[PDB]
Each structure stands twice: as structure tokens, then as C-alpha cells.
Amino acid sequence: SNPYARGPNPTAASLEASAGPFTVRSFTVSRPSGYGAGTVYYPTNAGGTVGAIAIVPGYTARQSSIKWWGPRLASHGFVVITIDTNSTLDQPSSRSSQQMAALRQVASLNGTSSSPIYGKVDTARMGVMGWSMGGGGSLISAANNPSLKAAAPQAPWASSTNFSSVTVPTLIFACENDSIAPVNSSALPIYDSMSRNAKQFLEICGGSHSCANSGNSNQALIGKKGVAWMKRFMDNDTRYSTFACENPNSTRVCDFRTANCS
């Protein structure tokens, strides 16, 4: 039996829905350590400790752009911290450092008896997400910290597209019409650089650079894929292998590629 499996057996409908099974609460981090601000979203009743995911916005952007992931992931059994960076103009390497500082603080709060997440986190199971330069920051985090169990950046951008060293399972959300981090020169070459991992590339038809952000019109599919990827790889939960690895056969998807993902 898998000690990390949480929640009921998934279906397409349950993963496309507004929320998973678990009640979600949130709090603002009172003294952020190593990053600008954070909001923690957590399940009150997951039935065991859960992994932690840290999510970072893009250049000029704030938690509002990424916030929708907090309740959506947490309701399926994850502690999620969304951050603001120390400056809105921080670059990807700085964003990676701050992302790991946010994961560190989640681990600190897991050990703080006054915190709402005291004892709720398995600090050995962590994941990284983020938009654009925060997505490039997530890939840097994975390259530098290969114990991370999953990465799922959106509309990523980094100074170099070469992430050949990454061994962390990585799902890339791409936005077809992105004019800031174009698919062809950003998301796709980042995807193609990775030869050592389970990986996936999922491009949303018609998407602008913000197509995976809060308020987007594809939360059913994008949320299904993000949760399935994190469940399969952070929880080793093979009930999610098909959802994580499948072509979703969706008219909202204009390009789908995956490797080392059965």
C-alpha cells in the first residue's frame, strides 16, 4: 500500500470540478522569510501529511496571477504557498531562491505548534510551479534541487532554455499565442532540452501569455492536469498515472507531447 495516497479514486469529472474532497483554509504568512509575501492554502482533513508546493508569479506580477492554484491544489491534498517576490522585477534565479525559501518556511511552520499547518506537511515531498519567469525559476529550482518530486511551470521563460540536467518530472503548460515567452522559442525548447525525466508539454489553443492564470477559461483541463501531475509524482499515486500521462483529447489543446510517462 502507498503511504502517501490520499482521497478517493479519481475520475475525469472529479479532477475537472471546482474542488477536490478536502476542506481548504488559508492564511497570510506573518513574517515571510526570504521572499516578499505569501499565502498558505492547506487541507484541514487530508487524512495524513501531504506534500508542499510553492508557486511564483512572473515579472511585474503578484500572487493574484497564480492564486487560483492554491484552493484547487490544496483541496486535493497539498499545502500550497503562493508568493510575492521581494521585488516585482526579480529575475528567474532570484525567483528560484525565493521559491525554495517559501518551501523552507512551509517546513518551518510545519514544526511550529502555533501554526495552522503544524504537522500537516511531509517535508520530504515538495513541488514547484510558477508563471513565466516564475516558471523558469521553477525549472532552476528543480535543476538545483533534484529531490523535488514534481514541477509544473506555466508559460515558462528562462535566460537559457537548456534544462538537460533536470531529473524531476516536469509538466509544461504552454499558451499558443504567447507573445512574451513564445511557445516556439521558450516552452518548446525548454521541453526538448530535458532527456532525463518524465515530461509533458500541453499547449492551450488560442492562449495568451496569461492562459493558465487566475480567471482563465480552461480551469477544468488545466486544473485536472496540474493536480494529476502532482498526485502522480509527489504522492507516487499510480491511480493518477493515466490522468497524468494521457493525451487529454481536448479541442482546447493544440499541441500535446509527453515522454517517459506511461
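Heads up: residue numbers just count along the shown sequence, starting at 1.
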>> Please compare 113-121 with 92-100 and say which has the higher mean C-alpha temperature factor in the record.
In response: 113-121
> Mean C-alpha B factor from the entry: is it higher for 128-136 or for 182-190?
Replying inline: 182-190
>> Using only the C-alpha B-factors in the record, can you name which of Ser141, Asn162, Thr85, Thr82 has the highest?
In response: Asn162
> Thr44's Cα B-factor: lowest, middle or highest third of the chain?
Replying inline: highest
> Thinking about Cα B factors across the chain, which third does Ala158 belong to?
Replying inline: highest
> When the modelled residues of the chain are sorted by Cα temperature factor, does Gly51 land in the lowest, middle or highest third?
Replying inline: lowest
>> What third of the chain does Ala198 rank in for C-alpha temperature factor, lowest, middle or highest?
In response: middle
> According to the PDB entry, is the CA B factor of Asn177 in the bottom, middle or top third of its chain, that is, lowest, middle or highest?
Replying inline: highest
